[PDB]
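Chemist: Got a structure here, written out as structure tokens. Questions coming.
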Amino acid sequence: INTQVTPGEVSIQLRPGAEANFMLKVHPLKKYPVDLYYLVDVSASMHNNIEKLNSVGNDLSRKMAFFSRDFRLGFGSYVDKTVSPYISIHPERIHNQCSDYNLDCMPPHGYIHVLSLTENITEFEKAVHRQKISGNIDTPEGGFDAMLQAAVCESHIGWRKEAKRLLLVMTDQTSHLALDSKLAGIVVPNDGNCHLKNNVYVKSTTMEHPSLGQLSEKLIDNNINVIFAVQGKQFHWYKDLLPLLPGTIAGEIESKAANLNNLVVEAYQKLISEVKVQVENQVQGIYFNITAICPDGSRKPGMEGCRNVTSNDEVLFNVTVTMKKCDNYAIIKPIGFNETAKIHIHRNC
Amino acid sequence: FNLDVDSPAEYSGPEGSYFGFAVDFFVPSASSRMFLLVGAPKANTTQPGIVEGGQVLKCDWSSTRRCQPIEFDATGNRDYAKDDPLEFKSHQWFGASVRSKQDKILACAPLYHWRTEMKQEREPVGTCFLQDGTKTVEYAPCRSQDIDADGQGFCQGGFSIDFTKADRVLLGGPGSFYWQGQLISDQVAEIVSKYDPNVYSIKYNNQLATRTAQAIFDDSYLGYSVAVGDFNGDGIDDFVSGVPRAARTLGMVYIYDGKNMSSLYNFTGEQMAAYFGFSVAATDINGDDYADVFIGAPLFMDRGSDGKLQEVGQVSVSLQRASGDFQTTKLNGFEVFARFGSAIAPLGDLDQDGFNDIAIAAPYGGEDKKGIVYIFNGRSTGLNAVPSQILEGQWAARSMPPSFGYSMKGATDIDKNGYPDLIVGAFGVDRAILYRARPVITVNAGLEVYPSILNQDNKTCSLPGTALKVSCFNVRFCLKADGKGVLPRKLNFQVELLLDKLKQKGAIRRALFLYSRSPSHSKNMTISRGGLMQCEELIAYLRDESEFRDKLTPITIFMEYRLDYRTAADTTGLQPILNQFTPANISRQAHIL
Ligand SMILES: *[C@@H]1O[C@H](CO)[C@@H](O[C@@H]2O[C@H](CO)[C@@H](O[C@@H]3O[C@H](CO[C@H]4O[C@H](CO)[C@@H](O)[C@H](O)[C@@H]4O)[C@@H](O)[C@H](O[C@H]4O[C@H](CO)[C@@H](O)[C@H](O)[C@@H]4O[C@H]4O[C@H](CO)[C@@H](O)[C@H](O)[C@@H]4O)[C@@H]3O)[C@H](O)[C@H]2NC(C)=O)[C@H](O)[C@H]1NC(C)=O
Ligand SMILES: *[C@@H]1O[C@H](CO)[C@@H](O[C@@H]2O[C@H](CO)[C@@H](O)[C@H](O)[C@H]2NC(C)=O)[C@H](O)[C@H]1NC(C)=O
Ligand SMILES: *[C@@H]1O[C@H](CO)[C@@H](O[C@@H]2O[C@H](CO)[C@@H](O)[C@H](O)[C@H]2NC(C)=O)[C@H](O)[C@H]1NC(C)=O
Ligand SMILES: *[C@@H]1O[C@H](CO)[C@@H](O[C@@H]2O[C@H](CO)[C@@H](O)[C@H](O)[C@H]2NC(C)=O)[C@H](O)[C@H]1NC(C)=O
Ligand SMILES: *[C@@H]1O[C@H](CO)[C@@H](O[C@@H]2O[C@H](CO)[C@@H](O)[C@H](O)[C@H]2NC(C)=O)[C@H](O)[C@H]1NC(C)=O
Ligand SMILES: *[C@@H]1O[C@H](CO)[C@@H](O)[C@H](O)[C@H]1NC(C)=O
Ligand SMILES: *[C@@H]1O[C@H](CO)[C@@H](O)[C@H](O)[C@H]1NC(C)=O
Ligand SMILES: *[C@@H]1O[C@H](CO)[C@@H](O)[C@H](O)[C@H]1NC(C)=O
Ligand SMILES: [Ca+2]
Ligand SMILES: [Ca+2]
Ligand SMILES: [Ca+2]
Ligand SMILES: [Ca+2]
Ligand SMILES: [Ca+2]
Ligand SMILES: [Mg+2]
């Protein structure tokens, strides 16, 4: 049944003090239907860059006509949590933080979903063209909470299981962390469900941000391939976090922002030219050992896997299951891929 | 290991009021009674026109759990002009930080917005009410003439507080100077004497504070948590504060000289987005008279065996040395997502050995994420990195997680049994809990007496009633005891003298105490604290029998040190604990020469 990750299932029996093995082969496919989502920061700092979203409609779809069977796009915006001291609570400023500068800024909002994924590029251009900016006070902005909400809500955004889910997060500044909410009286940890009721993030103001570990777990669970597109010096901040966030890419947007379509397409090519795996083991005493066999023969430890992969090129993962102590299964999946291998490990004591 | 989880003293506040967000002890030596002090930042009050002000309920321990809110303030919003309120006390989170000296109470409100004098605004400067015996005062050094997001307008003064041992108040405002942070120190001997109830910006003559820095330091959050302790030998306590977003969210911790607020030492985290400096507690953990720093990083992500990362948390232990150096060690959490290292609180000497102790909490850990607290013990080297006791919360989550372990306090004995105690606040279910430290007894089981051993060549004293040529088989037992605090004199350390404890029972051994009619024996020595070992000498001899397993079988006999504790318990009902470090059994071996 599985086409890209073979074998898709393995039944093995082990006895304590013994070790088994098999071969797991991952063969990337030629072309991928791509679903891209623009989780765009629309804070006051990002005002000069929203207008540069009118070019990405047709140009990118032309650039990505050979790398993908079909194409989809979507939109969505975030600024921050709408409580003090992140926003002003003055009755004049609470609904337009820019009013002291005579601007038509939109009311701040934790996260609003705008356009579900559609193959109509004219719809994407129309949705982007009518979009305004908002404002707040703090230097960082609440991007990670919006990222989690966009990753988890599936039928609202409109992700495809048959696609290559990508998520572009366009910003220019560092994001808020988990425990930064304690200044605002939010001491309730994030639960990891998603709470879009009318395409507005209702619970942005009652539970705090997600941490890096929770965000990463939710991203990899839903097969989301994140592509940060940061602009200022904070590209480096978003880059040094890549080790802590598997399967994420960071590109730099120059001042002219003419390098946006290229950023997306080169990031997609680098994304498609890599394979790596992890294991979600919840069994007691069983330790997994995986060494990757690159087409150049390298004996990489597998956790970062083999890079520079293309099609016409099959990558093989050497596994070694141990049985150390007695008292389920483990699923080993290539991060970013849509298929997983279910190692239905039997254990007998 | 001696904290008693069998009889925890319970407490409870109003539903949904965050009762137990901040806890402490009240010990006014003039009145010689002991009171708790619990904050309820979401409590409703009696104040007119104010909804959800905040309460600091003073709870009693002496068999009456009546929690009477301290009337720090009763009024509503003062006004600037007609229908022009000056301040907004609604939802001010009063009581989120409660600290008590012997005769003072300082509870602060961080979310106290106010209408600045120049223009109609809402600036969360924060304020504090210092009650000193009869007089009650207000302390708010972050609402000043020069405030905005640029200045200390968003200071949120009172997010963190502490008392210096020299009558000063260390106050930390995380949000001033565009969230760079700030610390402020001022003496109580001037807070009270400078308070005009009609003046808002009060200038304190002997105040020490940290000033504005470069714009690259925004969102550092200095003052997110404070602590005190001497760190350069002058004797005056030095201001230790945690800045958990410095250096590109690595986290740092600063230490300032407590005499002039001049920087002395710095720490730095090792992982981005780990919250280094979230919690800071300076105690003396190795007993060398030098205070040692503890730092919490609840969100640290740690490599697994396979390479996968786990967010388990980490606590950094840093032993001050006499030359200005710090010997640092790491200490990682135990459950993923548990936020180990959220709260750190020195315990004093929980078991009275000579080295102070400490306890670290993981509020979201434990079974069903109720919460767990870990207890650590000091040594001559430093901290002992394996926890002796695990304290677990008993309360399920009603709407939000119980958060058992978010705040905690210790180092004061409330039973007056000699040993310090501990209170814990599981504010997600509006509860606080008190734990009592049981007294510790050191049993020195003895197995040495004159004569020591026999070479088997000569019989020193042949036992009468035996047909063999062997000497007497002495099975003398003993159980010595001694203690440190409240303890009954007559330790009913019930013992046993079972024959051949190193041999299989259920059969007649070659040696039997005939005068006892059977090989089995026992003891009930009632030792005295400070006395000599109480010997219960026993005599046995080898007798010829019709048939047996063998002629002889060498096996030592183990003397038990079990206690019922039923009579060892004092009036309060707190049974002594028997030190688990000492071996539970002891004896001597039989040998030739
Ligand atoms: C523990 O860690 C903390 C934080 O990392 C650290 O505190 C930091 O200390 C440094 C040094 O004291 C602070 O940086 C600046 O230090 C200079 C000192 O001036 C002399 O040294 C510099 C070094 O190159 C020389 O260039 C200079 O000519 C002198 O010889 C101060 O002068 C700085 O003050 C500036 O800010 C003031 C307020 O804005 C201004 O009024 C003042 O004029 C200075 O302005 C300068 O910079 C401006 C930048 O825009 C510029 O516009 C001006 O024209 C001018 O050039 C400043 O103090 C740093 O701020 C501290 N950070 C924090 C958070 O406190 C501790 O030292 C460290 N301790 C230990 C023991 O490790
Ligand atoms: C793709 O979306 C565009 C709008 O973004 C659609 O064009 C609209 O078509 C309706 C008729 O159904 C007209 O009334 C509008 O004036 C059109 N808008 C624009 C901007 O031209 C287009 O029909 C969509 N594609 C398909 C296949 O339906
Ligand atoms: C993973 O992706 C592949 C291709 O992107 C999916 O394979 C397609 O599956 C649909 C039905 O599910 C078929 O109609 C297509 O013909 C398949 N295409 C190819 C190229 O094989 C696969 O189903 C996806 N797996 C999951 C679990 O969603
Ligand atoms: C894949 O891994 C297995 C181990 O699980 C390798 O099998 C070992 O091969 C070496 C080479 O001769 C032998 O000495 C060992 O006895 C084999 N078994 C074990 C348990 O080590 C196998 O060679 C690997 N294949 C590749 C292509 O790397
Ligand atoms: C303190 O009392 C106030 C009312 O005086 C409570 O306010 C309630 O707030 C909820 C949601 O904000 C409303 O649905 C209720 O209608 C309010 N009550 C009334 C009587 O109007 C507030 O919940 C109380 N605080 C606590 C901690 O119980
Ligand atoms: C995994 O395999 C490597 C070599 O293939 C070996 O050095 C390592 O000890 C193994 N680990 C486990 C947990 O089996
Ligand atoms: C990646 O693959 C291409 C094509 O096989 C090859 O030319 C290139 O050298 C490879 N990169 C590295 C670093 O080996
Ligand atoms: C602060 O006092 C200490 C005490 O000796 C001294 O070493 C230091 O130089 C003082 N700092 C300032 C700025 O006066
Ligand atoms: Ca923001
Ligand atoms: Ca000092
Ligand atoms: Ca020390
Ligand atoms: Ca101790
Ligand atoms: Ca006690
Ligand atoms: Mg911005």
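For the structure tokens, the naming scheme is as follows: chains receive sequential letters (A, B, ...) according to their order of presentation, residues are indexed from 1 within each chain, and ligands are indexed from 1 in presentation order.
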If we count only C-alpha atoms and set the cut-off at 8 Å, which residues sit around stretch 253-258 of chain A, ignoring sequence neighbours fewer than 4 positions away in its own chain? Please answer as a ChimeraX atom specification.
Modeler: /A:49,52,229-232,263
Chemist: Counting only C-alpha atoms and all ligand atoms, what are the residues, protein, DNA or RNA alike, that approach ligand 8 to within 8 Å? I want them as a VMD selection string.
Modeler: chain B and resid 234 257 259 to 262
Chemist: What does the list of residues within 8 Å of ligand 4 look like if you count only C-alpha atoms and all ligand atoms, written as a list in words?
Modeler: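 Here is the list of contacting residues: residues 19, 20, 21, 22, 23, 291, 293, 299, 318, 319 and 320 of chain A.
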Chemist: At a cut-off of 10 Å, list the chain B residues touching chain A, using only C-alpha atoms, as a ChimeraX atom specification.
Modeler: /B:41-42,91-93,110-111,113,120-124,149,154-156,159,174-175,178-179,218-219,221,224,244-245,248-249,271-275,278,298-303,305-312,336-337,364,400-401,403,428
Chemist: Between atom CA of residue B:112 and atom CA of residue B:16, what is the distance, to one decimal in Å?
Modeler: 19.8 Å
Chemist: Kindly compile the residues surrounding ligand 12 within 10 Å, counting only C-alpha atoms and all ligand atoms, and format them as a PDB file with N, CA and C atoms, in the first residue's frame.
Modeler:
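This went into part33.pdb:
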```pdb
ATOM      1  N   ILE B 285      24.302  25.386  51.151  1.00  0.00           N
ATOM      2  CA  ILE B 285      23.866  24.001  51.038  1.00  0.00           C
ATOM      3  C   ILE B 285      24.935  23.018  51.501  1.00  0.00           C
ATOM      4  N   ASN B 286      26.202  23.419  51.534  1.00  0.00           N
ATOM      5  CA  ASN B 286      27.259  22.512  51.961  1.00  0.00           C
ATOM      6  C   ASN B 286      27.763  22.797  53.368  1.00  0.00           C
ATOM      7  N   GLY B 287      27.225  23.812  54.039  1.00  0.00           N
ATOM      8  CA  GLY B 287      27.589  24.072  55.416  1.00  0.00           C
ATOM      9  C   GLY B 287      28.963  24.656  55.638  1.00  0.00           C
ATOM     10  N   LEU B 347      15.233  24.921  52.791  1.00  0.00           N
ATOM     11  CA  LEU B 347      14.449  24.278  53.836  1.00  0.00           C
ATOM     12  C   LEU B 347      15.048  24.461  55.222  1.00  0.00           C
ATOM     13  N   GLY B 348      16.177  25.143  55.336  1.00  0.00           N
ATOM     14  CA  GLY B 348      16.909  25.132  56.590  1.00  0.00           C
ATOM     15  C   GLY B 348      17.642  23.822  56.722  1.00  0.00           C
ATOM     16  N   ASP B 349      17.616  23.235  57.914  1.00  0.00           N
ATOM     17  CA  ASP B 349      18.217  21.924  58.161  1.00  0.00           C
ATOM     18  C   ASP B 349      17.078  20.958  58.478  1.00  0.00           C
ATOM     19  N   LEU B 350      16.528  20.350  57.430  1.00  0.00           N
ATOM     20  CA  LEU B 350      15.331  19.534  57.565  1.00  0.00           C
ATOM     21  C   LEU B 350      15.534  18.326  58.469  1.00  0.00           C
ATOM     22  N   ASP B 351      16.778  17.887  58.673  1.00  0.00           N
ATOM     23  CA  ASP B 351      17.055  16.712  59.490  1.00  0.00           C
ATOM     24  C   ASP B 351      18.165  16.949  60.506  1.00  0.00           C
ATOM     25  N   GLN B 352      18.610  18.192  60.674  1.00  0.00           N
ATOM     26  CA  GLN B 352      19.546  18.589  61.726  1.00  0.00           C
ATOM     27  C   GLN B 352      20.820  17.744  61.704  1.00  0.00           C
ATOM     28  N   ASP B 353      21.570  17.893  60.613  1.00  0.00           N
ATOM     29  CA  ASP B 353      22.865  17.250  60.456  1.00  0.00           C
ATOM     30  C   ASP B 353      24.026  18.228  60.454  1.00  0.00           C
ATOM     31  N   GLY B 354      23.826  19.438  59.946  1.00  0.00           N
ATOM     32  CA  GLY B 354      24.881  20.430  59.914  1.00  0.00           C
ATOM     33  C   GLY B 354      24.964  21.140  58.582  1.00  0.00           C
ATOM     34  N   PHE B 355      24.265  20.610  57.584  1.00  0.00           N
ATOM     35  CA  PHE B 355      24.255  21.160  56.237  1.00  0.00           C
ATOM     36  C   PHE B 355      22.819  21.479  55.852  1.00  0.00           C
ATOM     37  N   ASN B 356      22.565  22.730  55.480  1.00  0.00           N
ATOM     38  CA  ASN B 356      21.215  23.125  55.121  1.00  0.00           C
ATOM     39  C   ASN B 356      20.757  22.364  53.880  1.00  0.00           C
ATOM     40  N   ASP B 357      19.449  22.382  53.645  1.00  0.00           N
ATOM     41  CA  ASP B 357      18.833  21.562  52.614  1.00  0.00           C
ATOM     42  C   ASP B 357      18.050  22.452  51.659  1.00  0.00           C
ATOM     43  N   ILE B 358      17.387  21.833  50.683  1.00  0.00           N
ATOM     44  CA  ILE B 358      16.678  22.575  49.644  1.00  0.00           C
ATOM     45  C   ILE B 358      15.653  21.649  49.009  1.00  0.00           C
ATOM     46  N   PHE B 376      15.995  17.617  48.586  1.00  0.00           N
ATOM     47  CA  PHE B 376      17.426  17.387  48.462  1.00  0.00           C
ATOM     48  C   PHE B 376      18.113  17.653  49.792  1.00  0.00           C
ATOM     49  N   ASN B 377      19.234  16.972  50.009  1.00  0.00           N
ATOM     50  CA  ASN B 377      19.992  17.072  51.246  1.00  0.00           C
ATOM     51  C   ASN B 377      21.426  17.472  50.942  1.00  0.00           C
ATOM     52  N   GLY B 378      21.960  18.389  51.737  1.00  0.00           N
ATOM     53  CA  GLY B 378      23.325  18.825  51.556  1.00  0.00           C
ATOM     54  C   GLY B 378      24.333  17.865  52.156  1.00  0.00           C
ATOM     55  N   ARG B 379      25.592  18.064  51.773  1.00  0.00           N
ATOM     56  CA  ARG B 379      26.708  17.289  52.297  1.00  0.00           C
ATOM     57  C   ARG B 379      27.896  18.225  52.469  1.00  0.00           C
ATOM     58  N   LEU B 383      25.473  19.676  47.300  1.00  0.00           N
ATOM     59  CA  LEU B 383      24.170  19.033  47.237  1.00  0.00           C
ATOM     60  C   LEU B 383      24.327  17.557  46.892  1.00  0.00           C
TER      61      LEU B 383
END
```
Chemist: What does the structure give for the distance between atom CA of residue B:68 and atom CA of residue B:136, in Å to one decimal?
Modeler: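 Separation between atom CA of residue B:68 and atom CA of residue B:136: 16.9 Å.
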Chemist: Would you mind listing the residues within 7 Å of ligand 3, counting only C-alpha atoms and all ligand atoms, as a short mmCIF file (atom, residue, chain, number, x, y, z; two decimals) with N, CA, C and O atoms, in the first residue's frame?
Modeler:
```
data_model
loop_
_atom_site.label_atom_id
_atom_site.label_comp_id
_atom_site.auth_asym_id
_atom_site.auth_seq_id
_atom_site.Cartn_x
_atom_site.Cartn_y
_atom_site.Cartn_z
N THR A 3 3.89 3.72 -0.69
CA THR A 3 4.62 3.93 -1.94
C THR A 3 5.99 4.55 -1.75
O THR A 3 6.88 4.31 -2.57
N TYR A 32 5.45 16.30 -6.14
CA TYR A 32 4.56 16.37 -4.98
C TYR A 32 3.53 17.46 -5.15
O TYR A 32 3.90 18.63 -5.37
N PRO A 33 2.23 17.16 -5.05
CA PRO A 33 1.24 18.22 -4.90
C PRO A 33 1.54 19.02 -3.64
O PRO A 33 1.63 18.46 -2.55
N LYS A 161 -3.84 15.51 3.07
CA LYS A 161 -2.96 14.41 3.43
C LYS A 161 -2.15 13.91 2.24
O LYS A 161 -1.08 13.32 2.45
N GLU A 162 -2.62 14.13 1.01
CA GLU A 162 -1.90 13.69 -0.18
C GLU A 162 -0.84 14.69 -0.62
O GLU A 162 -0.07 14.40 -1.54
N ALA A 163 -0.74 15.84 0.04
CA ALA A 163 0.13 16.91 -0.39
C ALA A 163 1.47 16.84 0.32
O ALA A 163 1.79 15.88 1.03
N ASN A 338 4.61 11.96 4.46
CA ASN A 338 3.23 11.68 4.80
C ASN A 338 2.97 10.22 5.12
O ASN A 338 1.83 9.86 5.44
N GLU A 339 3.98 9.36 5.04
CA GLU A 339 3.83 7.95 5.34
C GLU A 339 4.74 7.56 6.49
O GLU A 339 5.86 8.08 6.62
#
```
Chemist: Let me have all residues with an atom within 12 Å of ligand 7, counting only C-alpha atoms and all ligand atoms, laid out as a VMD selection string.
Modeler: chain A and resid 270 273 to 274 294 to 298 306 to 313
Chemist: Counting only C-alpha atoms and all ligand atoms, name the residues that have an atom within 8 Å of an atom of ligand 13; the answer should be given as an MDAnalysis selection string.
Modeler: chainID B and resid 413:421 436:439
